[PDB]
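Working notes for the structure below.
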Amino acid sequence: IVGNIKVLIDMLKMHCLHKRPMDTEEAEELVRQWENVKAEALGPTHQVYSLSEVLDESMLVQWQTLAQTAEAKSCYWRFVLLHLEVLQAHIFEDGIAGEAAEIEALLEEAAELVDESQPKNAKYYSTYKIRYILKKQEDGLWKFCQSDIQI
Amino acid sequence: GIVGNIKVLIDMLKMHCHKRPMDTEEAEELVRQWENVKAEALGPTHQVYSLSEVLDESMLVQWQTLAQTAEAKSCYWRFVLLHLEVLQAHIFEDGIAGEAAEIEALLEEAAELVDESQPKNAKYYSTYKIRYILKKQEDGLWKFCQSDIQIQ
Ligand SMILES: [Mg+2]
Ligand SMILES: [Mg+2]
């Protein structure tokens with residue numbers, strides 16, 4: 001149900017109310033960090049633990065599952081982030097207590113699914129607009145908890 | 001002098017860290033195998049020895065050197081091969097005893113140089129026509145020896 005992960009599961013099957021603006025540079029650093037963690041969790045060293053550094057809630061559970069099954073089937077992706085543009089970022093307090101944030105980003109990425117039985121790799125490419133929900137943790141760090149693809 | 005794409009990879013590493021036709025599908029397999037070994041030798045697992053399995057002569061020496069350098073700097077690349085077309089391939093006799101082949105291919109790839117130090121990764125994207133010269137070894141299979149990027 002989180003954004004984009006259905007495409008990668010399919011690929012794995014057929015192959016192998018106070019609003020405040022958020023700093024655009026910071027919002028971009030969070031996404032970039034996430035993208036690079038996704039690449040490594042899904043990559044040949046299968047760094048699954050790192051997912052829990054940048055993710056929480058449904059994001060974590062779902063991306064953790066797909067990473068583990070891939071490590072189980074001895075497949076991995078090579079991921080390249082072609083383009084990243086942060087469209088909007090806003091912090092807010094829902095029911096006060098802890099803060100939440102939202103980030104709309106424009107992403108362009110490519111990937112190869114590598115299965116050793118098969119010398120021809122499956123290929124993935126996409127450009128998309130995505131909306132992220134984040135929650136500031138007790139440590140004061142942001143983690144992505146939900147994601148939604150847009151039109 | 002330099003083989004294939006080597007120069008560009010070194011710079012982004014520096015800044016941001018008589019004659020018979022060959023069956024085209026044989027040629028397609030051989031380029032895909034090499035492009036796979038390159039991504040694994042230059043990737044996070046740093047499989048340098050594996051270069052010796054598909055490469056020889058100047059290819060092997062130059063690509064091995066690049067892969068050992070990236071590892072020495074604790075940087076790695078993620079490569080994605082986006083499009084591959086063999087335009088032409090053929091075998092020819094080389095020397096008193098030896099066999100060689102030429103493969104001409106259109107390639108499109110993308111790559112990301114990963115450095116733990118900075119959040120942004122340098123991003124490489126290219127489309128090119130390349131020419132490979134391979135040499136059949138004492139065993140059965142071919143190995144890439146030289147490669148020239150002719151267009152873009
Ligand atoms: Mg995502
Ligand atoms: Mg090449």
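Bear in mind that the values in this text are calculations on the coordinates, not laboratory data. Here the Cβ positions follow ideal geometry from the backbone for every residue, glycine too, while neighbour counts run over all protein chains shown.
Go through segment A:78-110 and give me each residue that's part of a strand (DSSP E or B), more than 11 Å from every other protein chain (Cβ to nearest Cβ) and of a type outside the set (A, V, I, L, M).
A:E85, A:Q88, A:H90, A:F92, A:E93, A:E99, A:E102, A:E104
Exactly one of these conditions fails for A:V2: (1) more than 11 Å from ligand 1 (Cβ to nearest atom); (2) touching a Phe, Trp or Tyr at 6+ places or on another chain (Cβ under 8 Å); (3) in a loop (DSSP other than H, G, I, E, B). Give me its number.
For A:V2, the failing item is (1).
Residues in segment B:1-28 that are of a type in the set (D, E) and within 15 Å of ligand 2 (Cβ to nearest atom): how many?
Summing the residues that are of a type in the set (D, E) and within 15 Å of ligand 2 (Cβ to nearest atom) in segment B:1-28 gives 1.
Hey, any hits in segment B:111-118 for a residue that's farther than 17 Å from B:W77 by Cβ, within 13 Å of ligand 2 (Cβ to nearest atom) and in contact with a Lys or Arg (Cβ under 7 Å, 6 or more places away or on another chain)?
Scanning segment B:111-118 turns up no residue that is farther than 17 Å from B:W77 by Cβ, within 13 Å of ligand 2 (Cβ to nearest atom) and in contact with a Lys or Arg (Cβ under 7 Å, 6 or more places away or on another chain).
Within segment B:45-53, identify whether any single residue is within 14 Å of chain A (Cβ to nearest Cβ) and either among the aliphatic types (A, V, I, L, M) or more than 24 Å from B:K123 (Cα to Cα) (or both), and answer yes or no.
yes
Which residue is farthest from the other protein chains (Cβ to nearest Cβ), if the candidates are limited to segment A:111-145 and must be among the polar types (S, T, N, Q), exposed (fewer than 13 other Cβ atoms within 10 Å of the Cβ) and over 20 Å from A:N36 (Cα atoms)?
A:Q137
So for segment B:125-135 (the condition being among the polar types (S, T, N, Q) and within 30 Å of A:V31 (Cα to Cα)), does at least one residue qualify?
Within segment B:125-135 (the criterion being among the polar types (S, T, N, Q) and within 30 Å of A:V31 (Cα to Cα)), the answer is yes, since at least one residue qualifies.
Condition (residue is outside any helix (DSSP H, G or I) and either within 16 Å of ligand 1 (Cβ to nearest atom) or loosely packed, with under 14 Cβ neighbours inside 10 Å (or both)) applied to segment B:50-60: is it met by at least one residue?
Scanning segment B:50-60, I find no residue that is outside any helix (DSSP H, G or I) and either within 16 Å of ligand 1 (Cβ to nearest atom) or loosely packed, with under 14 Cβ neighbours inside 10 Å (or both), so the answer is no.
Looking at B:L55, B:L107, which one is among the aliphatic types (A, V, I, L, M), within 16 Å of ligand 2 (Cβ to nearest atom) and in contact with a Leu (Cβ under 8 Å, 6 or more places away or on another chain)?
Residue meeting the stated conditions: B:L107.
Checking the structure you have, find out if any residue of segment B:9-27 is in a loop (DSSP other than H, G, I, E, B) and surrounded by 16 or more Cβ atoms within 10 Å (Cβ to Cβ).
Yes, segment B:9-27 has at least one match.
Report whether or not A:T24 is β-branched (V, I, T), closer than 16 Å to A:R131 by Cβ and within 14 Å of chain B (Cβ to nearest Cβ).
It is true that A:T24 is β-branched (V, I, T), closer than 16 Å to A:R131 by Cβ and within 14 Å of chain B (Cβ to nearest Cβ).
Could you please find all residues in segment A:123-151 being over 11 Å from the mean Cα position of the chain (by Cα), in a strand (DSSP E or B) and aliphatic (A, V, I, L, M)?
Passing the criteria: A:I133, A:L134, A:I149.
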